[PDB]
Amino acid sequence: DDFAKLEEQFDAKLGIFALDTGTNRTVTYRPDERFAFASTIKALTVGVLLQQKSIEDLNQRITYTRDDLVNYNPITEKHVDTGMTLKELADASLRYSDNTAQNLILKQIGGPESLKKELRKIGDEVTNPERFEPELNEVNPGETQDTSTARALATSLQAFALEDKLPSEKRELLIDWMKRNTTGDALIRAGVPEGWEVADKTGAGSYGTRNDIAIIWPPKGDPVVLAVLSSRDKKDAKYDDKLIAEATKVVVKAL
């Protein structure tokens, strides 16, 4: 099949799960193999934040200094003294793959163990968060620390975005933030036909991991949730986004 080809063509390993929520038509390809989830754990993080705070609640004055920053801070670097509220960090984590927002947010929710135990509670026995950013990308092959599967990660995304795990308000926020991500214009979004709406969170990590997790709406129907993950066998290996775009089109077509 066309997924096996793309893996040869790109010298890379792919993981796919998509679900037509309106038909329970699926599309699977290594759906339970582990990949370092990378920055995609960011959506699920905000997933549990929103689960602990009303829309009203998410305006908390939260502060941080120069030292709290880490290795890539496109938004948090503008607002040292300024300070940013949960909303705006959730915006930054989600819209710009801000490493520091993720970290500061993660403290709010009580560290990677809590995240884990919360992920345990909704029904994800797979996603294994252990560390903050950037270290969390430090994943060697066969380790489970900070990995999940395509299945696990769509399902967690679905539960937050589209199930009863979140009230209307809080959920339209997630969808929104994600609908307007800046980072995935060459991932999932480049693989769906002109003018279907897309909410996505992307990731990159060592061993050439490039990941995208999305809900995507046609013009007519129920949304497809989907994770597309990939990796390579060289630690310092580089990724091709066009791996994901392509994968997605094979997903769309199949559905």
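The first residue of the sequence shown is number 1, and the count goes up from there. By rigid core we mean the largest C-alpha set that fits within 1.5 Å across both forms.
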| query | finding |
| --- | --- |
| Which of 191-199 and 30-38 strays further in 5 other deposited structures of this protein - Cα RMS after rigid core alignment | 191-199 |
| Segment of greater CA departure in 5 other deposited structures of this protein, 92-100 or 76-84, core superposed | 76-84 |
| Higher-B stretch (mean Cα B-factor, as the entry records it), 68-76 or 149-157 | 68-76 |
| Mean C-alpha temperature factor, higher of 161-169 and 118-126 | 161-169 |
| Largest Cα B-factor, entry values, listed residues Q102, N140, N181, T82 | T82 |
| Per the PDB entry, maximal CA B factor within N211, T45, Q60, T26 | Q60 |
| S93, C-alpha B-factor rank within chain (lowest, middle or highest third) | middle |
| Assigned third (lowest, middle, highest) for the C-alpha B factor of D200 | middle |
| Modelled-residue ranking by C-alpha temperature factor, third containing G191 | middle |
| Ranked C-alpha temperature factor of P223 among modelled chain residues, by third | middle |
| Ranked C-alpha temperature factor of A38 among modelled chain residues, by third | lowest |
